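The structure under discussion appears below in the form of structure tokens.
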Amino acid sequence: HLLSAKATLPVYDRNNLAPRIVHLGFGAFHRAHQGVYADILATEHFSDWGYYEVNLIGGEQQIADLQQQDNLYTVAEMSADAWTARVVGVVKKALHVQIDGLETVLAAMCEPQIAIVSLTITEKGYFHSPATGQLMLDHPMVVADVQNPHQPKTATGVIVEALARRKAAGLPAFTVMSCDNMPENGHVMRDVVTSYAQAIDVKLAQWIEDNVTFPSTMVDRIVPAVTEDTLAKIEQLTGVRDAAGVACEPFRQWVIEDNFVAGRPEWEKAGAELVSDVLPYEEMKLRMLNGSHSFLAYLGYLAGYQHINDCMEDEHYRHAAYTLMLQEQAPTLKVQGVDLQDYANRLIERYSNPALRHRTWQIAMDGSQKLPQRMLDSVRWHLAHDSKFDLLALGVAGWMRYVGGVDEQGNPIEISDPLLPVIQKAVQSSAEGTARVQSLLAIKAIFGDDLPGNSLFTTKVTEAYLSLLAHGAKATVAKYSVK
Ligand SMILES: NC(=O)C1=CN([C@@H]2O[C@H](COP(=O)(O)OP(=O)(O)OC[C@H]3O[C@@H](n4cnc5c(N)ncnc54)[C@H](O)[C@@H]3O)[C@@H](O)[C@H]2O)C=CC1
Ligand SMILES: O=C(O)[C@@H](O)[C@@H](O)[C@H](O)[C@H](O)CO
Numbered sequence: 005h006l007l008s009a010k011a012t013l014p015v016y017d018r019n020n021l022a023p024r025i026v027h028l029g030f031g032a033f034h035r036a037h038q039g040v041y042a043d044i045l046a047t048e049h050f051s052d053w054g055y056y057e058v059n060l061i062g063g064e065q066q067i068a069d070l071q072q073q074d075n076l077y078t079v080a081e082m083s084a085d086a087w088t089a090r091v092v093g094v095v096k097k098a099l100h101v102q103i104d105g106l107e108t109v110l111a112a113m114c115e116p117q118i119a120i121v122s123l124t125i126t127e128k129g130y131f132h133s134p135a136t137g138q139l140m141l142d143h144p145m146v147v148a149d150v151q152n153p154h155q156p157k158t159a160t161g162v163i164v165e166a167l168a169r170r171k172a173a174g175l176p177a178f179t180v181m182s183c184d185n186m187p188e189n190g191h192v193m194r195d196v197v198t199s200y201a202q203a204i205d206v207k208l209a210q211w212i213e214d215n216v217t218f219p220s221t222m223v224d225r226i227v228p229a230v231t232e233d234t235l236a237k238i239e240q241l242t243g244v245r246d247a248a249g250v251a252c253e254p255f256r257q258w259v260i261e262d263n264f265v266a267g268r269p270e271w272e273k274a275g276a277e278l279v280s281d282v283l284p285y286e287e288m289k290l291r292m293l294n295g296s297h298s299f300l301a302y303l304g305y306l307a308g309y310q311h312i313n314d315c316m317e318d319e320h321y322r323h324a325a326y327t328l329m330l331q332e333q334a335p336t337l338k339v340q341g342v343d344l345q346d347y348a349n350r351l352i353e354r355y356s357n358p359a360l361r362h363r364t365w366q367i368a369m370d371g372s373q374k375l376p377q378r379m380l381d382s383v384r385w386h387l388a389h390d391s392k393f394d395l396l397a398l399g400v401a402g403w404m405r406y407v408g409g410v411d412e413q414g415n416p417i418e419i420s421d422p423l424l425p426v427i428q429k430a431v432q433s434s435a436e437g438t439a440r441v442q443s444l445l446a447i448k449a450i451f452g453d454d455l456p457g458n459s460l461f462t463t464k465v466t467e468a469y470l471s472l473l474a475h476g477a478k479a480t481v482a483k484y485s486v487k
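In the deposited numbering, each residue carries its 1-based index in the sequence shown increased by 4.
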């Protein structure tokens, strides 16, 4: 049914694509981002790089959806000015450990032509401490894989077992490319893989060290979670109902460290920035975009703004986000050759996209995994430089107020976070007010050891938090926006 859609369709020969990349975490973002880059290459630049799409944990529905429409899916770009749709054809096979089985997945990863394994498994999928970037060796998912390394359940476990098998077969290693929203995401990937391999087999660890590269990336495209309204809107645009369809903004960026062991698609031809060092761009985007996103998510949700576009209708939230981007995030950056005021202006325009409904609740998810790179590293810069960080402090206070679990009208907030048990215990064991700040600050996996030991940070977050309690989020953002 998809080939009758009002959309651009795969005009290249799909059978001529080889499955050369295995992607872990077939979610909305991968579909609308990397999948689109690959499809442009297959369409315009004679690329034969196709994908095996694999889900290991959750995401059973996406995989099943593909399996009955010849692995095709729809991406619809939407903004105020235009919409466009594309039916993507680069997926050669879509697998799920719960459907096809783990052995089939490992076998696919051990085919000789697999050159890259890429990941969008969310920050929590790495089972690392957000504050340190290091593998949690005592995490039950990690210990279970370490005890049963040939039947792994984690992404790292699966990757390392695939590598063990390739090594034993005398097959070349693949490159492992994280596309998740962490600074130096290739270092995180390298570290967790290395720590894990060393825990099970030191010869395998050394071979991995000698044969695998872990290039870092920066990825950017706003892709809200797909709802029934999303699917209905894509149907209305294309004429065809696609359960695996995704809606996104027209903007896309992908910065890639050019360090691959077994080749790569010519992504630069589809608009990727292939460079030697991605870190300054990661920090730029994680801080100015994701940091402002998070600020808006907690303080917007608490004010009763359901979506980011709703936040942008409040001139104070608009001004606060802009001031946060340019006066607090931008000065912490080392990036060269970018007009950051213009970038900030463009982010506000992107947030104001009236064609998307990006829920503050969705962005608020997994705050424990996001705070360090999005806000806390910037705070550290300001602390070291004796510089003010008022809006960052309010952002942190906003997360703290949110995870208290009761909204300003006295209704429950459903908190989604892998550290929920720790967060709940911190909330339940502390009185509202100044005690609550102290208690949440004490979660070292989020705040590290320096920030809880920092009197200035503690004072500023506490002041912001007491303002949220006394005046609510909406009025507090208004106050801080002129401050
Ligand atoms: N606007 C966006 O949605 C953007 C997302 N990203 C990155 O992509 C990641 C995924 O985003 P979406 O696709 O929108 O989310 P999604 O919820 O649509 O997909 C999440 C994917 O991660 C997998 N996953 C979840 N927990 C896992 C675990 N413990 N182990 C292995 N796999 C796991 C799921 O199976 C699913 O395939 C984000 O966490 C972020 O790092 C990056 C830029 C923009
Ligand atoms: O936390 C989130 O859900 C958002 O801040 C990001 O997914 C944001 O949409 C992207 O990273 C922008 O590329």
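The C-beta atom is built at its ideal place from N, Cα and C for all residues, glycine as well.
Are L360 and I238 close, meaning C-beta to C-beta below 8 Å?
no
Does the beta-carbon of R225, which I'm using as the reference point, lie nearer than 7 Å to any heavy atom of ligand 1?
yes
Length of the line joining the Cα atoms of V162 and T198
13 Å
Is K374 near ligand 2, in the sense that its beta carbon is under 7 Å from a heavy atom of that ligand?
yes
How is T158 classed by DSSP in three states: helix, strand or coil?
coil
Report all residues from its chain with a CB closer than 6 Å to the CB of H100; omit the five preceding and five following residues, and keep chain order.
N59, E64, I67
For my contact list, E412 and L330 are in at a C-beta cut-off of 8 Å; report their separation, rounded to the angstrom.
The pair is not a contact, with the Cβ atoms about 29 Å apart (cut-off 8 Å).
Taking the alpha helix (DSSP H) that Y130 belongs to, which residues open and close that run?
Neither: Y130 is in no alpha helix (DSSP H) and is coded neither H nor E.
Run of the alpha helix (DSSP H) containing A301, from where it starts to where it stops
296–307
From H37 to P156, what distance separates their C-alpha atoms?
28 Å
Please find out if some non-hydrogen atom of ligand 2 comes closer than 7 Å to the beta-carbon of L293.
yes
Below 8 Å, can you find three or more Cβ-Cβ pairs linking the region 333–346 to the region 275–291?
yes
Pick from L328, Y16, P358 that is closest to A251, judged by C-alpha positions:
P358
Does DSSP put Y285 in a helix, a strand or coil?
helix
Kindly indicate the opening and closing residues of the beta strand (DSSP E) around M82.
77–82
For a test of your reading of the model: does the CB of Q366 fall under 7 Å from any non-hydrogen atom of ligand 2? Yes or no.
yes
Could you tell me if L208 is buried or exposed, where buried requires 16 or more neighbouring beta carbons within 10 angstroms of its beta carbon?
buried
Mark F30 as exposed unless 16 or more other C-beta atoms lie within 10 angstroms of its C-beta, in which case mark it buried.
buried
What residue range does the alpha helix (DSSP H) around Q333 cover?
No alpha helix (DSSP H) holds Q333; DSSP gives it neither H nor E.
Considering only the alpha carbon of each residue, which of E286, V40, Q310 lies closest to residue 497?
Missing from the structure shown is residue 497; the chain here goes from 5 to 487 and no further.
With a threshold of 7 Å, establish whether the CB of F33 neighbours any heavy atom of ligand 1.
yes
If contact is defined by three or more beta carbon pairs under 8 Å, each pair taking one atom from either stretch, is the region 418–430 in contact with the region 390–402?
no
Distance cut-off 7 Å: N185 Cβ against heavy atoms of ligand 2:
yes
Would you grab the beta carbon distance between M222 and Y285 for me? Rounded to a whole angstrom, and I think it's under 8 Å.
5 Å
Alpha-carbon to alpha-carbon, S485 and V121:
44 Å
Contact defined as beta carbons within less than 8 Å: I believe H132 pairs with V180. What is the distance between those atoms, to the nearest angstrom?
Not confirmed; about 15 Å, so no contact.
Spatial neighbours of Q257 within its chain, please: C-beta separation below 6 Å, excluding the five flanking residues on both sides.
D224
Quick one: residues in its chain with C-beta nearer than 7 Å to the C-beta of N189, no 5 flanking neighbours on either side, listed in chain order?
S182, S220, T221
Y302 to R18 span [Cα, whole Å]
44 Å
What is the DSSP secondary structure of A276, counted as helix, strand or coil?
coil
Confirm the yes/no value for this check: CB of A229, any heavy atom of ligand 1, distance under 7 Å.
yes
Going by the beta-carbon positions, is the gap between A325 and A119 smaller than 8 Å?
no
If contact is defined by three or more beta carbon pairs under 8 Å, each pair taking one atom from either stretch, is the region 71–78 in contact with the region 304–324?
no
Please give the ranges of any alpha helix (DSSP H) in the region 34–107, keeping only runs that are unbroken, at least 4 residues long and fully inside the region.
38–48, 64–71
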